[PDB]
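*Asks:* Contents are mmCIF, C-alpha atoms; file name target.cif:
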data_protein
loop_
_atom_site.label_atom_id
_atom_site.label_comp_id
_atom_site.auth_asym_id
_atom_site.auth_seq_id
_atom_site.Cartn_x
_atom_site.Cartn_y
_atom_site.Cartn_z
CA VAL L 445 160.34 175.23 161.88
CA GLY L 446 162.03 175.36 165.28
CA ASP L 447 164.04 172.14 165.13
CA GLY L 448 163.95 170.44 161.77
CA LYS L 449 161.52 167.56 162.38
CA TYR L 450 157.95 166.88 161.28
CA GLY L 451 157.13 165.54 164.73
CA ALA L 452 155.62 162.36 166.15
CA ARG L 453 153.88 161.16 169.29
CA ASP L 454 156.51 161.08 172.03
CA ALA L 455 156.96 157.90 174.08
CA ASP L 456 154.66 158.00 177.13
CA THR L 457 155.07 161.71 177.66
CA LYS L 458 152.37 161.71 174.94
CA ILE L 459 153.83 165.06 173.86
CA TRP L 460 153.63 166.10 170.23
CA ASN L 461 157.21 167.10 169.43
CA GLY L 462 158.43 168.68 166.20
CA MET L 463 156.69 170.70 163.53
CA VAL L 464 153.25 169.21 164.27
CA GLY L 465 153.72 170.71 167.74
CA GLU L 466 153.66 174.20 166.20
CA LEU L 467 149.98 173.64 165.33
CA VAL L 468 148.83 171.32 168.14
CA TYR L 469 149.99 173.86 170.74
CA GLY L 470 148.68 176.76 168.64
CA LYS L 471 152.17 178.25 168.27
CA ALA L 472 151.57 178.84 164.55
CA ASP L 473 148.64 179.43 162.23
CA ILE L 474 149.09 177.23 159.13
CA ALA L 475 151.55 174.68 157.77
CA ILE L 476 152.76 174.24 154.18
CA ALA L 477 155.37 171.51 153.68
CA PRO L 478 155.86 168.03 152.31
CA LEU L 479 154.17 166.24 155.18
CA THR L 480 153.04 162.62 155.11
CA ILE L 481 149.37 162.07 155.99
CA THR L 482 148.43 159.12 158.22
CA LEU L 483 145.92 158.14 160.90
CA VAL L 484 148.07 159.38 163.79
CA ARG L 485 147.84 162.93 162.43
CA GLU L 486 144.23 162.82 161.18
CA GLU L 487 143.02 162.42 164.78
CA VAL L 488 144.36 165.78 165.90
CA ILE L 489 144.77 167.93 162.77
CA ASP L 490 142.65 168.10 159.62
CA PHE L 491 143.95 167.99 156.06
CA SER L 492 142.78 169.24 152.70
CA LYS L 493 142.58 166.98 149.69
CA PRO L 494 146.13 166.08 148.59
CA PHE L 495 147.83 168.34 146.07
CA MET L 496 150.37 165.79 144.79
CA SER L 497 150.88 162.05 144.28
CA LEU L 498 153.96 160.06 145.18
CA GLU B 391 114.14 150.33 166.66
CA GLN B 392 116.97 150.09 164.14
CA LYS B 393 117.90 151.50 160.73
CA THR B 394 119.99 149.90 157.98
CA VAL B 395 121.55 152.55 155.76
CA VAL B 396 120.48 152.83 152.11
CA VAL B 397 123.68 152.18 150.14
CA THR B 398 123.57 153.50 146.57
CA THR B 399 125.88 153.09 143.59
CA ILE B 400 125.86 152.87 139.78
CA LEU B 401 126.05 150.15 137.12
CA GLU B 402 129.70 150.00 136.06
CA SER B 403 132.31 147.36 135.19
CA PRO B 404 133.68 145.63 137.23
CA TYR B 405 132.53 148.02 139.95
CA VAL B 406 128.92 146.74 139.91
CA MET B 407 127.82 143.60 138.05
CA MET B 408 124.83 141.30 138.39
CA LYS B 409 125.39 138.02 140.22
CA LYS B 410 125.36 134.75 138.26
CA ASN B 411 121.80 134.07 139.48
CA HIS B 412 120.44 137.55 140.23
CA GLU B 413 116.90 136.46 139.27
CA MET B 414 116.72 134.05 142.22
CA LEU B 415 117.89 136.14 145.19
CA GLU B 416 117.04 138.99 147.52
CA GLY B 417 119.38 140.86 149.80
CA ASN B 418 122.84 141.97 148.78
CA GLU B 419 123.62 138.64 147.06
CA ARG B 420 122.16 139.88 143.75
CA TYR B 421 125.45 141.68 143.03
CA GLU B 422 129.17 141.06 142.63
CA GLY B 423 132.31 143.16 142.26
CA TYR B 424 134.41 145.84 143.88
CA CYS B 425 131.97 148.21 145.60
CA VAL B 426 129.84 145.50 147.22
CA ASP B 427 133.07 144.04 148.62
CA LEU B 428 134.32 147.40 149.91
CA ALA B 429 131.01 148.30 151.56
CA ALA B 430 131.41 145.33 153.92
CA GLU B 431 134.86 146.51 155.02
CA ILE B 432 133.43 149.98 155.64
CA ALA B 433 130.36 148.86 157.59
CA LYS B 434 132.36 146.36 159.67
CA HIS B 435 134.32 149.36 160.96
CA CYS B 436 131.36 151.77 161.03
CA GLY B 437 128.76 149.70 162.85
CA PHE B 438 125.77 148.99 160.61
CA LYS B 439 124.06 146.65 158.19
CA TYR B 440 123.04 148.02 154.83
CA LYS B 441 120.63 147.59 151.91
CA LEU B 442 121.87 148.10 148.36
CA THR B 443 120.09 150.20 145.71
CA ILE B 444 120.72 151.25 142.11
CA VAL B 445 120.44 154.90 141.09
CA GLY B 446 117.39 155.69 139.00
CA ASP B 447 118.86 157.37 135.92
CA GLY B 448 122.10 155.39 135.60
CA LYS B 449 124.28 158.52 135.43
CA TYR B 450 126.94 159.78 137.84
CA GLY B 451 125.36 163.22 138.13
CA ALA B 452 125.43 166.86 137.08
CA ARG B 453 123.72 170.20 137.68
CA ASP B 454 121.43 171.53 134.95
CA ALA B 455 122.68 174.88 133.68
CA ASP B 456 119.04 175.91 133.15
CA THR B 457 116.95 174.84 136.14
CA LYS B 458 119.92 174.30 138.51
CA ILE B 459 118.36 170.96 139.46
CA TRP B 460 120.83 168.31 140.59
CA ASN B 461 120.35 164.84 139.12
CA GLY B 462 122.20 161.61 139.75
CA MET B 463 123.55 160.23 142.98
CA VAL B 464 124.74 163.58 144.36
CA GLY B 465 121.27 164.99 143.72
CA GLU B 466 119.63 161.96 145.34
CA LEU B 467 121.75 162.64 148.43
CA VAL B 468 120.90 166.36 148.32
CA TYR B 469 117.20 165.47 148.14
CA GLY B 470 117.69 162.84 150.83
CA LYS B 471 116.63 159.60 149.14
CA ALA B 472 119.78 157.49 149.47
CA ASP B 473 121.95 157.35 152.59
CA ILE B 474 125.50 156.81 151.28
CA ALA B 475 127.22 156.61 147.89
CA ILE B 476 129.94 154.04 147.13
CA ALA B 477 130.85 154.43 143.48
CA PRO B 478 133.59 155.59 141.07
CA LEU B 479 132.40 159.19 141.41
CA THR B 480 135.14 161.54 140.22
CA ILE B 481 136.15 164.15 142.80
CA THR B 482 135.88 167.68 141.38
CA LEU B 483 135.62 171.32 142.44
CA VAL B 484 131.88 171.88 142.03
CA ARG B 485 130.92 168.70 143.91
CA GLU B 486 132.67 169.98 147.06
CA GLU B 487 129.97 172.66 147.25
CA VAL B 488 127.34 170.10 148.28
CA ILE B 489 128.99 166.98 149.78
CA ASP B 490 131.95 166.28 152.07
CA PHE B 491 134.19 163.69 150.35
CA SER B 492 136.80 161.79 152.33
CA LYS B 493 140.39 161.44 151.25
CA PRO B 494 140.56 159.44 148.00
CA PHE B 495 140.81 155.66 147.93
CA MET B 496 142.56 155.38 144.55
CA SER B 497 144.51 157.66 142.19
CA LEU B 498 144.25 157.61 138.40
CA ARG V 660 141.22 172.83 125.62
CA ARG V 661 142.23 174.46 128.92
CA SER V 662 145.94 173.78 128.83
CA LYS V 663 148.82 176.22 129.23
CA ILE V 664 151.26 173.67 127.90
CA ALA V 665 152.92 173.78 124.48
CA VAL V 666 152.94 170.01 123.83
CA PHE V 667 149.24 169.68 124.74
CA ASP V 668 148.33 172.69 122.58
CA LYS V 669 150.36 171.22 119.70
CA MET V 670 148.32 168.02 120.06
CA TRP V 671 144.96 169.83 120.39
CA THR V 672 145.73 171.83 117.23
CA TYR V 673 145.83 168.58 115.25
CA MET V 674 142.99 166.92 117.18
CA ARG V 675 140.71 169.90 116.44
CA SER V 676 141.74 169.97 112.76
CA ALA V 677 142.21 166.27 111.89
CA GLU V 678 139.90 164.56 109.40
CA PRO V 679 138.02 162.24 109.00
CA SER V 680 136.04 162.45 112.26
CA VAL V 681 138.64 161.88 114.96
CA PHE V 682 136.42 161.91 118.07
CA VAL V 683 134.11 159.11 119.22
CA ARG V 684 130.93 159.28 121.27
CA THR V 685 131.38 156.16 123.44
CA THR V 686 133.98 153.78 124.84
CA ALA V 687 132.64 151.04 122.56
CA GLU V 688 133.09 153.15 119.42
CA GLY V 689 136.64 153.92 120.51
CA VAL V 690 137.56 150.29 121.15
CA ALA V 691 135.91 149.41 117.82
CA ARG V 692 138.14 151.95 116.09
CA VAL V 693 141.44 151.07 117.76
CA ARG V 694 141.16 147.45 116.57
CA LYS V 695 140.77 148.53 112.92
CA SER V 696 143.75 150.51 111.58
CA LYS V 697 146.06 148.46 113.75
CA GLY V 698 148.97 150.46 115.15
CA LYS V 699 147.72 153.62 113.45
CA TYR V 700 145.04 155.14 115.73
CA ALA V 701 145.96 155.82 119.35
CA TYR V 702 143.22 156.43 121.89
CA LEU V 703 143.05 158.03 125.35
CA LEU V 704 140.88 157.01 128.31
CA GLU V 705 140.84 156.31 132.05
CA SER V 706 143.94 154.34 133.05
CA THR V 707 141.88 152.00 135.24
CA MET V 708 139.75 150.96 132.26
CA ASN V 709 142.87 150.90 130.07
CA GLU V 710 144.46 148.36 132.42
CA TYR V 711 141.15 146.48 132.74
CA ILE V 712 140.64 145.94 129.00
CA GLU V 713 144.08 144.36 128.56
CA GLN V 714 143.29 141.55 131.01
CA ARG V 715 140.46 140.15 128.84
CA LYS V 716 140.42 138.36 125.51
CA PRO V 717 141.62 138.98 122.85
CA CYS V 718 144.31 140.78 124.92
CA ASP V 719 145.28 142.69 121.75
CA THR V 720 145.67 145.97 123.67
CA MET V 721 148.15 147.19 126.27
CA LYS V 722 149.29 150.23 128.24
CA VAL V 723 152.37 152.41 127.65
CA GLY V 724 154.24 155.35 129.15
CA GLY V 725 152.63 157.02 132.14
CA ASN V 726 150.02 159.35 133.54
CA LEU V 727 149.77 162.98 132.45
CA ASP V 728 147.70 164.05 135.48
CA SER V 729 146.50 162.88 138.90
CA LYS V 730 142.85 162.52 139.90
CA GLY V 731 141.03 160.12 142.17
CA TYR V 732 137.74 158.66 143.34
CA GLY V 733 136.37 158.92 146.86
CA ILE V 734 133.57 157.92 149.17
CA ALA V 735 130.70 160.41 149.23
CA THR V 736 128.13 161.15 151.94
CA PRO V 737 125.34 163.70 152.41
CA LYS V 738 126.37 167.04 153.88
CA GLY V 739 126.71 166.94 157.65
CA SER V 740 126.22 163.19 157.97
CA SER V 741 127.15 161.70 161.33
CA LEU V 742 129.13 159.16 159.27
CA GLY V 743 131.45 161.92 158.02
CA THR V 744 134.06 161.05 160.67
CA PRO V 745 134.04 157.21 160.94
CA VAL V 746 134.01 156.48 157.19
CA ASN V 747 136.66 159.15 156.58
CA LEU V 748 138.92 157.58 159.20
CA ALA V 749 138.18 154.02 158.06
CA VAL V 750 139.26 154.63 154.46
CA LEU V 751 142.72 155.54 155.75
CA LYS V 752 142.99 152.28 157.70
CA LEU V 753 141.94 150.18 154.69
CA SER V 754 144.79 151.81 152.71
CA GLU V 755 147.48 151.80 155.42
CA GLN V 756 147.09 148.02 155.83
CA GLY V 757 146.95 147.30 152.10
CA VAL V 758 143.39 145.93 152.08
CA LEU V 759 142.53 148.07 149.05
CA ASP V 760 145.72 146.88 147.35
CA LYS V 761 144.74 143.25 147.99
CA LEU V 762 141.25 143.85 146.55
CA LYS V 763 142.76 145.55 143.49
CA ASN V 764 145.12 142.59 143.02
CA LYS V 765 142.05 140.34 143.19
CA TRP V 766 139.80 142.27 140.80
CA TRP V 767 142.49 142.96 138.21
CA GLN Q 714 168.15 165.82 137.42
CA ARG Q 715 171.20 166.90 139.45
CA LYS Q 716 174.81 166.72 138.30
CA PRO Q 717 176.42 164.49 137.20
CA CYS Q 718 173.08 162.88 136.16
CA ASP Q 719 174.60 159.50 137.05
CA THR Q 720 171.58 157.97 138.83
CA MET Q 721 168.82 156.10 136.99
CA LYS Q 722 165.15 155.74 137.87
CA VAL Q 723 163.34 152.41 137.60
CA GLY Q 724 159.76 152.53 136.35
CA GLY Q 725 157.19 151.40 138.90
CA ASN Q 726 155.45 152.20 142.16
CA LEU Q 727 154.68 150.20 145.29
CA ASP Q 728 152.03 152.26 147.14
CA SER Q 729 150.19 155.57 147.07
CA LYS Q 730 150.29 158.57 149.42
CA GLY Q 731 150.14 162.34 149.25
CA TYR Q 732 151.17 165.50 151.07
CA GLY Q 733 148.63 168.20 151.80
CA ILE Q 734 147.71 171.38 153.62
CA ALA Q 735 146.86 171.17 157.33
CA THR Q 736 145.40 173.47 159.98
CA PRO Q 737 144.34 173.40 163.62
CA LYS Q 738 140.89 171.90 164.04
CA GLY Q 739 137.97 174.31 163.92
CA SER Q 740 139.94 177.23 162.50
CA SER Q 741 137.98 179.63 160.32
CA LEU Q 742 140.71 178.87 157.75
CA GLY Q 743 139.46 175.31 157.28
CA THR Q 744 136.95 175.16 154.43
CA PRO Q 745 138.15 178.22 152.41
CA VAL Q 746 141.73 176.91 152.22
CA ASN Q 747 140.57 173.44 151.15
CA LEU Q 748 138.24 174.88 148.49
CA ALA Q 749 141.11 177.06 147.26
CA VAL Q 750 143.54 174.14 146.94
CA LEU Q 751 141.53 172.25 144.31
CA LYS Q 752 141.32 175.24 141.94
CA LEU Q 753 145.12 175.24 141.53
CA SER Q 754 144.92 171.60 140.42
CA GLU Q 755 141.99 172.49 138.15
CA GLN Q 756 143.76 175.36 136.35
CA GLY Q 757 147.01 173.37 136.05
CA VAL Q 758 149.19 175.90 137.90
CA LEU Q 759 150.75 173.11 139.98
CA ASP Q 760 152.11 171.49 136.81
CA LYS Q 761 153.81 174.67 135.61
CA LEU Q 762 155.30 175.18 139.07
CA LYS Q 763 156.44 171.53 139.08
CA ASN Q 764 158.27 172.08 135.79
CA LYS Q 765 159.72 175.33 137.21
CA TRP Q 766 161.86 173.32 139.62
CA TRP Q 767 162.04 169.65 138.59
#
Rewrite the structure from the file as C-alpha cells, please.

*Replies:*
Amino acid sequence: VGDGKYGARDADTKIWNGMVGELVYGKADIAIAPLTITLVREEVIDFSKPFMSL
Amino acid sequence: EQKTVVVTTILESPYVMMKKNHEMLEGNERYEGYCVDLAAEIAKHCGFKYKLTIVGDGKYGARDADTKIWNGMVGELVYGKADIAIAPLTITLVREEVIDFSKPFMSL
Amino acid sequence: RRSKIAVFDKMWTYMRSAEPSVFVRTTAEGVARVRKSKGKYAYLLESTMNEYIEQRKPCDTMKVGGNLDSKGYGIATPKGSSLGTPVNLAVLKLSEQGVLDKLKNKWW
Amino acid sequence: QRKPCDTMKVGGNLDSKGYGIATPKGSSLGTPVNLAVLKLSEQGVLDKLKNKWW
C-alpha cells in the first residue's frame, strides 16, 4: 500500500483516500488484506463471501 | 398492474411455526417466528408486498446424482415457481453454481 | 471424514469403531439418547439448535466450549433477479444497526 | 500468544463481521475469485494456515 491506511470517504472532497483508492482509481488489480466490510464500501467495490469470522 | 412476490420457506423451529389459530386466517397471519418477521424488514426496504408459501417436499434441497434434477427450494427457484427464498438454507460451494446468495446474516 | 487434523482423526477413529451403534438418524433420537446415560454420551449438532434446546423445559442440557468451524445462512434469490442488489444491500443495514441482534435476543 | 504471555482473553463476543476479498466492479476476476475462495474453506486449508501462525 502507498500510505498505510485502508481508506475512507474524504470530507466533501468526496475523494477515496487510502488503500481503497488503489482499486477505485484502478491503480491496482486486486486487494488481499484484513479489510472491514460495510455499506460504504459495498456501494463502490464488490466483495466475495467472507473467509474468516471475528 | 402490480405483482406481489411469492415468498417461500420451509417448516423449521422456531424459523417457521403455525400461528395459534392458523385454521381461521388467510394472508400472512397464519404463521409466526423468525423468517416471517425478517421478511417484513426486507420488503419495507425493497418496495413490495408479499405472499407466503411452503415448499412442497419439506426439504432444503439437493441435486440427484442420477437424473441431475434439482429438488427443494433451490430447484423451485431454478424452475421458476417461487420468487424468493427466506430460510435457514446453508451456504455451500455447489449452490453458488445456480443462485447468487448475499452476504450471510448469521454465523454458526 | 475429510479432515487433515490429528485430533479430529483421533476422534473419527473411535467414532467409526465404537460399539454399540454410536450414530443416530434424527435430532429426536439424539436428544432421546443424551438424556439416558446422563453425563456419559456427548452429542454434536448445530450451535443454534444447541442454544435453542437449553431455553426450554426441562432445561437439562447446556452448551460448552466453542465452535470448531464457521458457516452461515443467507438470503437466496433466483439467478439474475433484479432484487439481487437491493436485498443484498439491505441485509447489511439490518446487521449494522443491530436489528438482527434484537430479533435474535427476542426469539432466544 | 506473544511473550511474556501475560495477557488474558475473556470468553465472549459482542457482534459479528468478516474480512474478505475485493475487486473493482465488473472485472473479469469477479466470479472466478469468489468461487475459488469457498473451496479453501471447504478443504480446510484456512484452518491449517491459521494454526501455522496463531

*Asks:* Run the PyMOL selection byres ((chain Q and resi 717-726) around 12) against the file shown and list the residues it catches, as number ranges by chain.

*Replies:* L: 497-498; V: 723-726; Q: 714-716, 727-730

*Asks:* Could you state the separation of atom CA of residue 759 of chain Q and atom CA of residue 482 of chain B in Å, given to one decimal place?

*Replies:*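 If I compute the distance from atom CA of residue 759 of chain Q to atom CA of residue 482 of chain B, I get 15.9 Å.
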
*Asks:* To verify the selection step, state as a VMD selection string which residues the PyMOL selection byres ((chain V) within 8 of (chain L)) yields on this input.

*Replies:* chain V and resid 729 748 751 to 752 755

*Asks:* Compute the set of chain Q residues within 10 Å of chain L, using all atoms listed in the file, and express it as an MDAnalysis selection string.

*Replies:* chainID Q and resid 726:740 742:744 746:751 753:754 759:760

*Asks:* Per residue of chain B within 12 Å of chain Q, which atom pair is closest and at what distance in Å (one decimal), using only C-alpha atoms, listed by chain and increasing number, as CSV?

*Replies:*
residue,atom,partner,partner_atom,distance
B:481,CA,Q:751,CA,9.8
B:482,CA,Q:751,CA,7.8
B:483,CA,Q:751,CA,6.3
B:484,CA,Q:748,CA,9.5
B:485,CA,Q:748,CA,10.6
B:486,CA,Q:748,CA,7.6
B:487,CA,Q:748,CA,8.7
B:488,CA,Q:748,CA,11.9
B:490,CA,Q:744,CA,10.5
B:491,CA,Q:747,CA,11.7
B:493,CA,Q:731,CA,10.0
B:494,CA,Q:730,CA,9.9
B:495,CA,Q:729,CA,9.4
B:496,CA,Q:729,CA,8.0
B:497,CA,Q:729,CA,7.8
B:498,CA,Q:729,CA,10.7

*Asks:* Once you count only C-alpha atoms, which residues of chain V turn out to be within 10 Å of chain Q? Could you give them as a list in words?

*Replies:* residues 661, 662, 663, 664, 724, 725, 727, 728, 729, 730, 754, 755, 757 and 760 of chain V

*Asks:* Would you translate the PyMOL selection byres ((chain V) within 6 of (chain B)) into the concrete set of residues it matches in this file, as number ranges by chain?

*Replies:* V: 729-738, 747

*Asks:* One decimal, in Å: what's the spacing between atom CA of residue 714 of chain V and atom CA of residue 683 of chain V?

*Replies:*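 Separating atom CA of residue 714 of chain V from atom CA of residue 683 of chain V is a distance of 23.1 Å.
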
*Asks:* Taking into account all atoms listed in the file, which residue in the set V:767, V:739, V:668, V:761 is nearest to residue 707 of chain V?

*Replies:* V:767

*Asks:* What is the distance between atom CA of residue 391 of chain B and atom CA of residue 440 of chain B, in Å to one decimal?

*Replies:*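 Interatomic distance, atom CA of residue 391 of chain B to atom CA of residue 440 of chain B: 15.0 Å.
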
*Asks:* So which residues touch residue 422 of chain B within 12 Å, counting all atoms listed in the file, skipping near sequence neighbours fewer than 3 positions away, as a ChimeraX atom specification?

*Replies:* /B:401-412,418-419,425-429,442 /V:766
